[PDB]
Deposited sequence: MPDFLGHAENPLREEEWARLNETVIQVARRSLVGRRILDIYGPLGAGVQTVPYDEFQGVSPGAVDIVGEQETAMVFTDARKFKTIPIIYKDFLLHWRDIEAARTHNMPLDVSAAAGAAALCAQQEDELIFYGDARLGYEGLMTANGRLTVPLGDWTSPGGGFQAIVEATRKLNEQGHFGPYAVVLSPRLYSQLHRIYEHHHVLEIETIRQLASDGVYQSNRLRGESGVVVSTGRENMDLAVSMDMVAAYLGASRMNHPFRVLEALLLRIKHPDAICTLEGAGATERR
C-alpha cells in the first residue's frame, strides 16, 4: 500500500498523453492571451480508474500500459473549459463572451445568398471601429455557418472564407459549443480580455480505494473581460 502505483516513465507517458489530447481540442486558447500560470477560481475535473492486475501485468510481463481513459477524461475537460469560456456559469455569477453585458450586437442577416456573411462581418467590424477598437479581429462561428461559408458557386472565383480572413487577420474558427446559428467577432489584445490560469490540466492520484487506483484530471482557470465593448455577437 503506497501513494504511487506508477513508475516515472508511466507517469511521463500519462502526462504527455493528457497534454497532447488537451492541445488539439481547445479553441478559446487560440484567440486569448494566457496570464499565468499563477474572486473565486473555478476548478474543472474528471475522474477515471485503473485496475491493479493491469499494472501488475504491465510491470511483470514488460508491456506498455493503456492510457485511453486519461485521454477521454482530458477530452471531456477540454469540452467543459470551452463551454465555460464561451457561455460562463450562471450559478457562480460568471459571464462569457456570448453573454457579457455591454457588448455590441448586429442582426445575423441572410446567409444563404452569397456575400451575406461578408456583409454581416463588415457591419460588425464597422460598429467595433466606432467605439475605438480597430483590429486585429478574430471570428468564431457555429458549425452551420462555418460549413455554409465553404459553398462553391460559379463566377465567384474565390472562397468566401478567404474574403473573411482578409479582414480577420487573427483567424476564423468553428466552435461546437455555439448553439444553432451564432457567431462572435472580438478585438484581440491583453488590454481588452485575457485568461488567468492558476493550474494547468494535470493528473493526480487520489489514493487506492479497495484495491483499484483512482486518478483525476483537473485544472483551474478564469476569464477576465476588462473591456466589454470589444465583443460583437451575431444574432
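- Within the chain's deposited sequence, the coordinate-free stretches run 1-6, 45-82, 280-287 in sequence order.
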